[PDB]
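Below is coords05.txt, which holds compact mmCIF, C-alpha atoms and all ligand atoms.
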```
# COMPACT_ATOMS: atom_id res chain seq x y z
CA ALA A 1 54.01 -23.92 -49.61
CA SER A 2 53.08 -20.91 -47.45
CA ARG A 3 53.92 -18.33 -50.18
CA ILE A 4 53.07 -17.95 -53.93
CA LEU A 5 55.30 -16.63 -56.67
CA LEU A 6 54.08 -13.47 -58.36
CA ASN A 7 54.95 -12.29 -61.88
CA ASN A 8 57.29 -9.61 -60.49
CA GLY A 9 59.47 -12.42 -59.10
CA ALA A 10 58.62 -11.76 -55.44
CA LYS A 11 56.91 -14.21 -53.09
CA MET A 12 53.57 -13.49 -51.41
CA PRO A 13 52.29 -15.14 -48.20
CA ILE A 14 49.03 -16.94 -49.05
CA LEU A 15 47.43 -16.05 -45.65
CA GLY A 16 47.12 -12.38 -44.65
CA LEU A 17 45.20 -10.35 -42.06
CA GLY A 18 42.31 -8.20 -43.21
CA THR A 19 41.86 -4.74 -41.68
CA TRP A 20 38.54 -3.38 -43.09
CA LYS A 21 36.23 -2.50 -40.17
CA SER A 22 38.97 -3.15 -37.63
CA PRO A 23 38.42 -0.27 -35.20
CA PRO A 24 41.35 2.16 -34.93
CA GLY A 25 41.49 1.45 -31.23
CA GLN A 26 41.92 -2.30 -31.56
CA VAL A 27 43.80 -2.83 -34.85
CA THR A 28 47.26 -1.96 -33.38
CA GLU A 29 47.03 -4.82 -30.89
CA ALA A 30 45.40 -6.94 -33.59
CA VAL A 31 48.30 -6.55 -35.96
CA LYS A 32 50.76 -7.13 -33.12
CA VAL A 33 49.15 -10.39 -32.15
CA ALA A 34 49.02 -11.44 -35.81
CA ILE A 35 52.69 -10.89 -36.38
CA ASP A 36 53.48 -12.62 -33.11
CA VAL A 37 51.61 -15.81 -34.14
CA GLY A 38 52.89 -16.06 -37.68
CA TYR A 39 51.18 -13.61 -40.02
CA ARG A 40 53.51 -11.90 -42.46
CA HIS A 41 50.97 -10.28 -44.83
CA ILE A 42 48.63 -7.42 -43.89
CA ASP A 43 45.86 -6.17 -46.20
CA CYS A 44 45.34 -2.42 -45.83
CA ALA A 45 43.63 0.49 -47.53
CA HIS A 46 43.49 4.25 -47.15
CA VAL A 47 39.68 4.09 -47.24
CA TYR A 48 39.69 1.88 -44.12
CA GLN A 49 40.79 4.91 -42.12
CA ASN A 50 43.06 2.86 -39.85
CA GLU A 51 46.43 2.77 -41.68
CA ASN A 52 48.08 4.96 -39.03
CA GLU A 53 47.18 2.45 -36.25
CA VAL A 54 48.12 -0.53 -38.44
CA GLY A 55 51.50 1.10 -39.03
CA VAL A 56 52.07 1.63 -35.34
CA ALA A 57 52.01 -2.15 -34.93
CA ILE A 58 54.27 -2.87 -37.89
CA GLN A 59 56.78 -0.38 -36.72
CA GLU A 60 56.79 -1.66 -33.11
CA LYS A 61 57.38 -5.20 -34.33
CA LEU A 62 60.11 -4.09 -36.63
CA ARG A 63 61.72 -2.08 -33.82
CA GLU A 64 61.32 -5.06 -31.47
CA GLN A 65 63.09 -7.19 -34.12
CA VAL A 66 60.27 -9.69 -34.05
CA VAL A 67 60.45 -9.60 -37.80
CA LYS A 68 62.54 -8.02 -40.58
CA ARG A 69 60.92 -5.76 -43.21
CA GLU A 70 61.83 -8.14 -46.03
CA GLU A 71 59.83 -10.83 -44.28
CA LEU A 72 56.65 -8.66 -44.31
CA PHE A 73 54.24 -8.37 -47.24
CA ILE A 74 52.18 -5.22 -46.80
CA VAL A 75 49.39 -4.43 -49.21
CA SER A 76 47.52 -1.23 -49.70
CA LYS A 77 45.20 0.21 -52.29
CA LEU A 78 44.43 3.35 -54.25
CA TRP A 79 40.96 4.66 -53.39
CA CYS A 80 38.51 5.70 -56.17
CA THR A 81 38.83 9.45 -55.61
CA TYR A 82 42.57 9.40 -56.54
CA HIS A 83 42.56 7.76 -59.98
CA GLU A 84 43.73 11.01 -61.61
CA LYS A 85 47.34 10.78 -62.69
CA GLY A 86 48.40 13.86 -60.63
CA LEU A 87 47.01 12.32 -57.45
CA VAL A 88 48.32 8.76 -57.48
CA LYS A 89 51.81 9.41 -56.11
CA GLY A 90 50.56 11.52 -53.21
CA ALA A 91 47.88 8.94 -52.35
CA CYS A 92 50.51 6.24 -52.22
CA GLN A 93 52.84 8.48 -50.18
CA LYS A 94 50.10 9.18 -47.63
CA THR A 95 49.61 5.43 -47.23
CA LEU A 96 53.35 4.83 -46.85
CA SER A 97 53.67 7.63 -44.31
CA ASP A 98 50.73 6.30 -42.26
CA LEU A 99 51.98 2.66 -42.39
CA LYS A 100 55.51 3.92 -41.54
CA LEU A 101 57.03 2.20 -44.55
CA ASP A 102 59.29 3.31 -47.32
CA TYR A 103 57.72 0.83 -49.80
CA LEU A 104 54.67 -1.32 -50.26
CA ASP A 105 54.99 -4.89 -51.33
CA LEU A 106 51.83 -4.55 -53.38
CA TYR A 107 49.61 -1.61 -54.28
CA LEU A 108 46.25 -2.25 -55.88
CA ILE A 109 43.82 -0.16 -57.88
CA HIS A 110 41.09 -0.64 -55.27
CA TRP A 111 38.06 -0.59 -57.62
CA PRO A 112 37.99 -0.02 -61.39
CA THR A 113 35.75 3.03 -60.92
CA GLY A 114 37.24 6.50 -60.50
CA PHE A 115 35.21 8.99 -58.46
CA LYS A 116 35.36 12.79 -58.33
CA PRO A 117 38.41 13.97 -56.34
CA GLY A 118 37.79 15.68 -53.02
CA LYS A 119 37.78 15.06 -49.30
CA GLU A 120 34.72 12.79 -49.73
CA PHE A 121 35.42 8.96 -50.44
CA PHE A 122 31.98 8.61 -51.92
CA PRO A 123 30.98 11.91 -53.52
CA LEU A 124 27.26 11.71 -54.35
CA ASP A 125 24.88 13.88 -56.36
CA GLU A 126 21.68 15.22 -54.76
CA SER A 127 19.95 12.00 -55.79
CA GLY A 128 22.39 9.54 -54.26
CA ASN A 129 24.40 8.58 -57.32
CA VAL A 130 28.14 8.40 -57.01
CA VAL A 131 29.83 11.23 -58.93
CA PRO A 132 32.29 9.69 -61.42
CA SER A 133 35.61 10.96 -62.56
CA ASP A 134 36.43 10.91 -66.25
CA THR A 135 39.61 8.91 -65.68
CA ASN A 136 39.98 5.49 -67.29
CA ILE A 137 41.65 2.36 -65.97
CA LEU A 138 44.51 2.34 -68.54
CA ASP A 139 45.74 5.80 -67.58
CA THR A 140 45.32 4.88 -63.92
CA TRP A 141 47.58 1.88 -64.62
CA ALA A 142 50.35 3.96 -66.24
CA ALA A 143 50.28 5.96 -63.03
CA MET A 144 50.62 2.77 -60.99
CA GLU A 145 53.48 1.68 -63.22
CA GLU A 146 55.34 4.89 -62.37
CA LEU A 147 55.22 3.98 -58.70
CA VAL A 148 57.28 0.85 -59.44
CA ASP A 149 59.76 2.89 -61.40
CA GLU A 150 60.14 5.21 -58.44
CA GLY A 151 60.67 2.44 -55.90
CA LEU A 152 57.63 3.28 -53.80
CA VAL A 153 56.04 -0.14 -54.49
CA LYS A 154 57.39 -3.54 -55.45
CA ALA A 155 54.33 -4.86 -57.25
CA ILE A 156 51.12 -3.40 -58.58
CA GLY A 157 47.68 -5.00 -59.10
CA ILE A 158 43.95 -4.58 -59.33
CA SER A 159 40.94 -5.28 -57.28
CA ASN A 160 37.34 -5.93 -58.27
CA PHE A 161 38.13 -5.98 -62.00
CA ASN A 162 36.01 -8.26 -64.14
CA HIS A 163 37.38 -10.45 -66.92
CA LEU A 164 36.91 -7.77 -69.58
CA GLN A 165 38.67 -5.16 -67.38
CA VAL A 166 41.65 -7.43 -66.66
CA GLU A 167 41.79 -8.16 -70.34
CA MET A 168 41.82 -4.43 -71.06
CA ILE A 169 44.85 -3.98 -68.83
CA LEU A 170 46.72 -6.98 -70.32
CA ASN A 171 45.93 -5.56 -73.75
CA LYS A 172 46.86 -2.02 -72.80
CA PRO A 173 48.94 -0.35 -75.55
CA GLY A 174 52.51 0.07 -74.20
CA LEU A 175 51.81 -2.09 -71.10
CA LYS A 176 55.01 -1.95 -69.03
CA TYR A 177 54.09 -4.12 -66.03
CA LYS A 178 51.39 -6.73 -65.89
CA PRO A 179 49.17 -6.78 -62.81
CA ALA A 180 50.45 -9.18 -60.21
CA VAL A 181 47.24 -9.69 -58.37
CA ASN A 182 43.58 -9.40 -58.76
CA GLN A 183 41.89 -9.16 -55.33
CA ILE A 184 38.21 -10.18 -55.54
CA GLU A 185 35.43 -11.32 -53.29
CA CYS A 186 35.44 -15.14 -53.14
CA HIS A 187 33.83 -17.72 -50.82
CA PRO A 188 31.56 -20.81 -51.25
CA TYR A 189 28.52 -18.55 -52.10
CA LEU A 190 30.58 -16.62 -54.75
CA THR A 191 33.06 -19.14 -56.17
CA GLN A 192 34.29 -17.17 -59.19
CA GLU A 193 35.49 -20.18 -61.27
CA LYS A 194 35.60 -18.31 -64.51
CA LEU A 195 37.31 -15.17 -63.40
CA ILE A 196 39.84 -17.11 -61.33
CA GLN A 197 40.66 -19.48 -64.15
CA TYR A 198 41.10 -16.46 -66.46
CA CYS A 199 43.46 -14.65 -64.10
CA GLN A 200 45.54 -17.76 -63.24
CA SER A 201 45.83 -18.69 -66.93
CA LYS A 202 47.44 -15.29 -67.36
CA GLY A 203 49.86 -15.55 -64.40
CA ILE A 204 47.81 -13.20 -62.24
CA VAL A 205 47.50 -14.34 -58.62
CA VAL A 206 43.99 -14.01 -57.14
CA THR A 207 43.41 -12.89 -53.59
CA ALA A 208 40.11 -13.80 -52.04
CA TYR A 209 38.46 -11.26 -49.77
CA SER A 210 35.56 -11.61 -47.39
CA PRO A 211 36.26 -15.35 -47.17
CA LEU A 212 34.01 -15.69 -44.10
CA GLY A 213 31.22 -13.68 -45.73
CA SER A 214 32.05 -10.49 -43.87
CA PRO A 215 29.59 -10.95 -41.04
CA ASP A 216 30.46 -7.48 -39.68
CA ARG A 217 29.65 -5.67 -42.97
CA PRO A 218 27.49 -2.71 -41.91
CA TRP A 219 24.66 -3.47 -44.40
CA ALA A 220 24.03 -7.11 -43.41
CA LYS A 221 20.42 -8.29 -43.27
CA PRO A 222 18.65 -11.11 -41.36
CA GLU A 223 17.77 -13.03 -44.54
CA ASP A 224 21.25 -12.97 -46.08
CA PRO A 225 23.04 -16.28 -46.39
CA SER A 226 25.51 -16.96 -43.56
CA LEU A 227 28.66 -18.98 -44.33
CA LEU A 228 29.75 -19.46 -40.78
CA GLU A 229 26.34 -20.89 -39.77
CA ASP A 230 25.87 -23.04 -42.88
CA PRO A 231 25.27 -26.55 -41.48
CA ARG A 232 26.74 -28.13 -44.60
CA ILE A 233 30.00 -26.23 -44.04
CA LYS A 234 29.91 -26.94 -40.33
CA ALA A 235 29.70 -30.63 -41.04
CA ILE A 236 32.76 -30.54 -43.19
CA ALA A 237 34.62 -28.76 -40.39
CA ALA A 238 33.37 -31.35 -37.86
CA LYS A 239 34.80 -34.12 -40.05
CA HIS A 240 38.22 -32.47 -39.91
CA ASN A 241 38.04 -31.44 -36.21
CA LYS A 242 38.42 -27.83 -37.34
CA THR A 243 36.27 -24.72 -37.05
CA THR A 244 34.02 -23.54 -39.83
CA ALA A 245 36.16 -20.44 -40.21
CA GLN A 246 39.25 -22.70 -40.65
CA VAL A 247 37.51 -24.62 -43.44
CA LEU A 248 36.51 -21.35 -45.09
CA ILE A 249 40.18 -20.06 -45.01
CA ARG A 250 41.65 -23.40 -46.13
CA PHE A 251 39.20 -23.63 -49.09
CA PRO A 252 40.71 -20.80 -51.15
CA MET A 253 44.28 -21.83 -50.18
CA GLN A 254 43.65 -25.08 -52.00
CA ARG A 255 42.51 -23.28 -55.15
CA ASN A 256 45.98 -21.55 -55.25
CA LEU A 257 44.37 -18.33 -53.94
CA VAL A 258 45.70 -15.86 -51.37
CA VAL A 259 43.16 -15.27 -48.56
CA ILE A 260 42.84 -12.41 -46.11
CA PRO A 261 40.45 -13.08 -43.23
CA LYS A 262 39.92 -10.11 -40.92
CA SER A 263 39.71 -10.27 -37.14
CA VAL A 264 40.55 -8.02 -34.20
CA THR A 265 39.84 -10.89 -31.77
CA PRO A 266 43.16 -12.33 -30.58
CA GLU A 267 41.89 -15.87 -30.24
CA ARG A 268 40.37 -15.80 -33.74
CA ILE A 269 43.54 -14.24 -35.22
CA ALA A 270 45.48 -17.23 -33.87
CA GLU A 271 42.77 -19.79 -34.90
CA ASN A 272 42.65 -18.38 -38.41
CA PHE A 273 46.38 -18.99 -38.85
CA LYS A 274 46.20 -22.66 -37.89
CA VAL A 275 45.24 -23.78 -41.38
CA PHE A 276 48.52 -25.30 -42.64
CA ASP A 277 48.16 -28.60 -40.75
CA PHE A 278 45.15 -30.10 -42.52
CA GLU A 279 43.82 -30.66 -46.01
CA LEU A 280 40.35 -30.59 -47.51
CA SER A 281 39.72 -33.57 -49.85
CA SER A 282 39.02 -33.03 -53.55
CA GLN A 283 35.49 -34.00 -52.85
CA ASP A 284 35.26 -31.52 -50.00
CA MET A 285 36.48 -28.89 -52.48
CA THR A 286 33.89 -29.69 -55.15
CA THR A 287 31.22 -29.82 -52.49
CA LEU A 288 32.07 -26.38 -51.25
CA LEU A 289 32.16 -25.09 -54.83
CA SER A 290 28.61 -26.42 -55.30
CA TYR A 291 27.21 -23.95 -52.76
CA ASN A 292 27.81 -21.00 -55.17
CA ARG A 293 24.84 -18.66 -55.40
CA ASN A 294 26.47 -15.49 -56.87
CA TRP A 295 25.94 -13.78 -53.54
CA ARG A 296 27.96 -10.60 -53.12
CA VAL A 297 28.90 -8.80 -49.85
CA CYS A 298 30.55 -5.89 -51.74
CA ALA A 299 28.57 -4.17 -54.48
CA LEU A 300 27.20 -0.75 -53.45
CA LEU A 301 23.92 0.33 -55.04
CA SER A 302 25.01 3.98 -55.43
CA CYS A 303 27.78 2.83 -57.77
CA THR A 304 25.75 0.67 -60.22
CA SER A 305 25.51 3.44 -62.89
CA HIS A 306 29.29 4.13 -63.11
CA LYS A 307 30.34 3.29 -66.67
CA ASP A 308 33.02 0.97 -65.28
CA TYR A 309 30.86 -0.80 -62.70
CA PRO A 310 32.35 -4.29 -62.73
CA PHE A 311 29.41 -6.58 -61.89
CA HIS A 312 26.69 -6.24 -64.52
CA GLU A 313 28.62 -8.66 -66.68
CA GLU A 314 28.83 -12.45 -66.30
CA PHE A 315 32.24 -12.19 -64.68
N1 LIG A 401 39.45 -5.18 -52.27
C1 LIG A 401 38.30 -4.81 -51.72
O1 LIG A 401 37.36 -4.27 -52.27
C2 LIG A 401 37.93 -5.51 -50.40
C3 LIG A 401 36.56 -5.61 -50.02
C4 LIG A 401 36.21 -6.27 -48.80
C5 LIG A 401 37.30 -6.76 -48.03
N2 LIG A 401 38.65 -6.63 -48.44
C6 LIG A 401 39.75 -7.12 -47.54
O2 LIG A 401 39.45 -8.47 -47.12
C7 LIG A 401 39.37 -8.56 -45.65
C8 LIG A 401 38.44 -9.68 -45.19
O3 LIG A 401 37.07 -9.42 -45.64
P1 LIG A 401 36.04 -8.85 -44.58
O4 LIG A 401 36.65 -7.88 -43.61
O5 LIG A 401 34.95 -8.25 -45.43
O6 LIG A 401 35.41 -10.09 -43.83
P2 LIG A 401 35.81 -11.59 -43.43
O7 LIG A 401 37.24 -11.68 -43.22
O8 LIG A 401 35.01 -12.48 -44.32
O9 LIG A 401 34.96 -11.57 -42.04
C9 LIG A 401 35.49 -10.75 -40.96
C10 LIG A 401 34.37 -10.97 -39.87
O10 LIG A 401 34.54 -12.32 -39.36
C11 LIG A 401 34.77 -12.43 -38.00
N3 LIG A 401 35.68 -13.50 -37.76
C12 LIG A 401 37.02 -13.63 -38.06
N4 LIG A 401 37.53 -14.78 -37.74
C13 LIG A 401 36.49 -15.48 -37.19
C14 LIG A 401 36.51 -16.79 -36.68
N5 LIG A 401 37.56 -17.62 -36.63
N6 LIG A 401 35.30 -17.26 -36.17
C15 LIG A 401 34.16 -16.45 -36.20
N7 LIG A 401 34.17 -15.17 -36.71
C16 LIG A 401 35.37 -14.70 -37.21
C17 LIG A 401 35.33 -11.06 -37.65
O11 LIG A 401 35.03 -10.77 -36.28
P3 LIG A 401 36.10 -10.06 -35.26
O12 LIG A 401 36.90 -9.13 -36.13
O13 LIG A 401 35.12 -9.44 -34.23
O14 LIG A 401 36.91 -11.22 -34.64
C18 LIG A 401 34.55 -10.09 -38.59
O15 LIG A 401 33.25 -9.83 -38.04
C19 LIG A 401 39.00 -7.09 -45.27
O16 LIG A 401 39.04 -6.85 -43.91
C20 LIG A 401 39.88 -6.32 -46.25
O17 LIG A 401 41.23 -6.37 -45.74
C21 LIG A 401 39.01 -6.00 -49.64
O1 LIG A 402 36.16 -1.35 -50.60
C1 LIG A 402 36.40 -2.25 -49.75
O2 LIG A 402 37.57 -2.69 -49.53
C2 LIG A 402 35.32 -2.59 -48.78
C3 LIG A 402 34.18 -1.63 -48.86
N1 LIG A 402 33.23 -2.02 -49.67
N2 LIG A 402 32.15 -1.14 -49.77
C4 LIG A 402 31.13 -1.67 -50.70
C5 LIG A 402 31.62 -1.05 -52.05
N3 LIG A 402 31.17 -1.41 -53.21
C6 LIG A 402 31.74 -0.72 -54.29
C7 LIG A 402 31.45 -0.90 -55.65
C8 LIG A 402 32.14 -0.12 -56.53
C9 LIG A 402 31.89 -0.27 -58.00
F1 LIG A 402 33.10 -0.47 -58.57
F2 LIG A 402 31.30 -1.42 -58.28
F3 LIG A 402 31.33 0.66 -58.66
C10 LIG A 402 33.07 0.83 -56.17
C11 LIG A 402 33.38 1.02 -54.85
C12 LIG A 402 32.68 0.23 -53.92
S1 LIG A 402 32.81 0.20 -52.21
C13 LIG A 402 31.99 0.04 -49.11
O3 LIG A 402 31.04 0.83 -49.24
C14 LIG A 402 33.07 0.47 -48.24
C15 LIG A 402 32.99 1.67 -47.55
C16 LIG A 402 34.01 2.05 -46.71
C17 LIG A 402 35.10 1.20 -46.58
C18 LIG A 402 35.20 0.02 -47.24
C19 LIG A 402 34.16 -0.40 -48.12
```

For this file, write the structure as structure tokens.
Amino acid sequence: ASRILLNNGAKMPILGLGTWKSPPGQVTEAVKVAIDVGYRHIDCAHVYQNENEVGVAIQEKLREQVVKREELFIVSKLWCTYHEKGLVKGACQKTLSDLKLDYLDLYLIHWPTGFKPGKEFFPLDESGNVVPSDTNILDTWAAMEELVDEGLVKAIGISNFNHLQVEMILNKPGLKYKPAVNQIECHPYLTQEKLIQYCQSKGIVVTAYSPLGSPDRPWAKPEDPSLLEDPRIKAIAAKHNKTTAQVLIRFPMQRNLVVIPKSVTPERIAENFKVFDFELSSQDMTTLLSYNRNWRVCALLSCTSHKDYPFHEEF
């Protein structure tokens, strides 16, 4: 099926459009094209600085009656500088205002690490270390739970939480709502078997980000691995008469993951959606899993001393 049941009883489309790095000038048309060709899930964040322009598209398509709001699954995320309890509602309300929505389908704690509040997204000390906030993830979660109880969001979740962090939420004293989703980096170079099996065993749906290896990440280097140019992946695509990107989006779908490829290129937006008409074989799946190398796109150096940095640990 094209949608997966979450623990809040709502259904989530397993293919969504990513919006990180989509320039503000091109993301409105990008989202329009996406909705036009089938996408019903959009992955957003305040930190991406383009939620206004995303919302312009959603609103035009709602006004145009191309789609109904109930048919849309719009995801945003709470940025690290707003983990304080007094700041969570306003952060969510800013996002809703910019997206031109009265609710989000899903609102994630974006990273487990809280940073000092201020106008700066990445407040640093004079030596380049991120300035933490003394907020912890459990209190941030109570704040997220309040958003459900106020009708601003239909589901809450986390993002970039390791197994021990997930476990801390599930084991939170007085837990009122379990997390619906954990959104983590996942592709054939970072396969996450252990963390995914842990989350799924607990009824937490996993969304895979950077499924193409985020070739437009601004810190990419010549010697980094490249998924889209991996001849072993290209061969698998050739076998199926599909593109390499199509294989890389179908791969997580078959692991019962949600996947959110980003493009602002209309022909790639459409290509990326044409992944429901073919199957990878079990052997194809194990073969792609074998390319794991624990290679991470998203793991900023300046953040490695935060007490709650999620990637020292095994998973
Ligand atoms: N939770 C978090 O911490 C977190 C972190 C990272 C990402 N995410 C979410 O996940 C989304 C996807 O990850 P991502 O943006 O890092 O990268 P991605 O989706 O792995 O890669 C996007 C890059 O691939 C290109 N591309 C897309 N389709 C292609 C195709 N069919 N053939 C060739 N190239 C193609 C895009 O180019 P064009 O755009 O020029 O077409 C862009 O350069 C984000 O945008 C964001 O919504 C969340
Ligand atoms: O955030 C996205 O969606 C994409 C994303 N990733 N990264 C790499 C990051 N690595 C982190 C590591 C931690 C850590 F938790 F590990 F400390 C905390 C926060 C971050 S941001 C960025 O620096 C970034 C900057 C602007 C907009 C989006 C991003």

### Message
Would you pick out the contacts of residue A:179 at 12 Å or less, using only C-alpha atoms, so that residues sharing its chain but fewer than 4 positions from it are not included, and give the list as a PyMOL selection string?
### Response
chain A and resi 6-8+106-109+138+141-142+144-145+148+154-159+161+165-172+175+183+199-200+202-206

### Task
Pick out the closest residue to ligand LIG 401 (chain A) from this set: A:58, A:75, A:147, A:99. Count only C-alpha atoms and all ligand atoms.
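Using only C-alpha atoms and all ligand atoms, the shortest distance to ligand LIG 401 (chain A) belongs to A:75.
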
With ligand LIG 401 (chain A) as the partner and 9 Å as the cut-off, tabulate the residues of chain A that qualify, each row holding the nearest pair of atoms and their distance in Å to one decimal, using only C-alpha atoms and all ligand atoms, sorted by chain and rising number, as CSV.
```
residue,atom,partner,partner_atom,distance
A:16,CA,A:LIG401,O17,8.5
A:17,CA,A:LIG401,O17,6.7
A:18,CA,A:LIG401,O17,3.3
A:19,CA,A:LIG401,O16,4.2
A:20,CA,A:LIG401,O16,3.6
A:21,CA,A:LIG401,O16,6.4
A:22,CA,A:LIG401,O12,6.5
A:42,CA,A:LIG401,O17,7.7
A:43,CA,A:LIG401,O17,4.7
A:44,CA,A:LIG401,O17,5.7
A:45,CA,A:LIG401,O17,7.5
A:48,CA,A:LIG401,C20,8.5
A:77,CA,A:LIG401,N1,7.9
A:108,CA,A:LIG401,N1,8.2
A:109,CA,A:LIG401,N1,8.7
A:110,CA,A:LIG401,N1,5.7
A:111,CA,A:LIG401,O1,6.5
A:158,CA,A:LIG401,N1,8.4
A:159,CA,A:LIG401,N1,5.2
A:160,CA,A:LIG401,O1,6.2
A:182,CA,A:LIG401,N1,8.8
A:183,CA,A:LIG401,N1,5.6
A:184,CA,A:LIG401,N1,6.1
A:185,CA,A:LIG401,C3,6.7
A:187,CA,A:LIG401,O8,8.4
A:207,CA,A:LIG401,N1,8.8
A:208,CA,A:LIG401,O2,7.3
A:209,CA,A:LIG401,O2,4.0
A:210,CA,A:LIG401,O3,3.2
A:211,CA,A:LIG401,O8,4.2
A:212,CA,A:LIG401,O8,3.4
A:213,CA,A:LIG401,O8,4.2
A:214,CA,A:LIG401,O6,3.4
A:215,CA,A:LIG401,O15,4.9
A:216,CA,A:LIG401,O15,4.0
A:217,CA,A:LIG401,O5,6.4
A:228,CA,A:LIG401,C15,7.0
A:243,CA,A:LIG401,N5,7.2
A:244,CA,A:LIG401,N6,7.4
A:245,CA,A:LIG401,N5,4.8
A:246,CA,A:LIG401,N5,6.7
A:259,CA,A:LIG401,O2,7.9
A:260,CA,A:LIG401,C7,5.2
A:261,CA,A:LIG401,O7,3.5
A:262,CA,A:LIG401,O7,3.9
A:263,CA,A:LIG401,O12,3.2
A:264,CA,A:LIG401,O12,4.3
A:265,CA,A:LIG401,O14,4.1
A:266,CA,A:LIG401,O14,7.5
A:267,CA,A:LIG401,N5,7.9
A:268,CA,A:LIG401,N5,4.4
A:269,CA,A:LIG401,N4,6.5
A:270,CA,A:LIG401,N5,8.4
A:271,CA,A:LIG401,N5,5.9
A:272,CA,A:LIG401,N5,5.4
A:297,CA,A:LIG401,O5,7.5
A:298,CA,A:LIG401,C3,6.3
```

Could you give me the axis-aligned bounding box of ligand LIG 402 (chain A), with 6 Å of padding per side, as centre plus edge lengths in Å to one decimal, as AutoDock Vina command-line options?
```
--center_x 34.3 --center_y -0.3 --center_z -52.6 --size_x 18.5 --size_y 16.7 --size_z 24.1
```

Using all atoms listed in the file, which protein or nucleic acid residues come within 9 Å of residue A:254? Drop anything in the same chain fewer than 3 positions from it, and give the result as a PDB file with C-alpha atoms, in the coordinates of the input.
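Contents of the output file part-v2.pdb:
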```
ATOM      1  CA  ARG A 250      41.650 -23.400 -46.130  1.00  0.00           C
ATOM      2  CA  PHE A 251      39.200 -23.630 -49.090  1.00  0.00           C
ATOM      3  CA  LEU A 257      44.370 -18.330 -53.940  1.00  0.00           C
ATOM      4  CA  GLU A 279      43.820 -30.660 -46.010  1.00  0.00           C
ATOM      5  CA  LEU A 280      40.350 -30.590 -47.510  1.00  0.00           C
ATOM      6  CA  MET A 285      36.480 -28.890 -52.480  1.00  0.00           C
TER       7      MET A 285
END
```

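Residues lying at most 9 Å from (44.4, -2.4, -33.7) in file coordinates, with all atoms listed in the file considered, are residues 19, 22, 23, 24, 25, 26, 27, 28, 29, 30, 31, 32, 50, 53, 54, 56, 57 and 264 of chain A.
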
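You can rank A:51, A:224, A:284, A:149 by their closest distance to residue A:237 using only C-alpha atoms, and at the top of that list sits A:284.
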
### Query
Closest to residue A:227 among A:291, A:73, A:177, A:278, using all atoms listed in the file?
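Residue with the minimum atom-to-atom distance to residue A:227: A:291.
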
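Minimum atom-to-atom distances from A:220, A:196, A:249, A:186 to residue A:294 were compared using only C-alpha atoms, and the lowest value belongs to A:186.
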
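When atom CA of residue A:223 is paired with atom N2 of ligand LIG 402 (chain A), their separation reads 19.4 Å.
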
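Among A:295, A:276, A:189, A:219, the residue with the shortest atom-to-atom distance to ligand LIG 402 (chain A), counting only C-alpha atoms and all ligand atoms, is A:219.
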
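Each of A:192, A:241, A:65, A:197 was compared to residue A:296 using all atoms listed in the file, and A:192 turns out to be the nearest.
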
### Message
Quick one: residues within 12 Å of residue A:117, only C-alpha atoms, excluding same-chain residues fewer than 2 positions away - as a list in words?
### Response
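Once the adjacent positions are removed, what remains is residues 79, 80, 81, 82, 83, 84, 85, 86, 87, 88, 91, 114, 115, 119, 120, 121, 122, 123, 124, 130, 131, 132, 133, 134 and 135 of chain A.
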
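In this model, the gap between atom CA of residue A:164 and atom CA of residue A:315 comes to 8.1 Å.
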
### Message
Just the number, please: distance in Å from atom CA of residue A:303 to atom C8 of ligand LIG 402 (chain A), one decimal.
### Response
5.4 Å
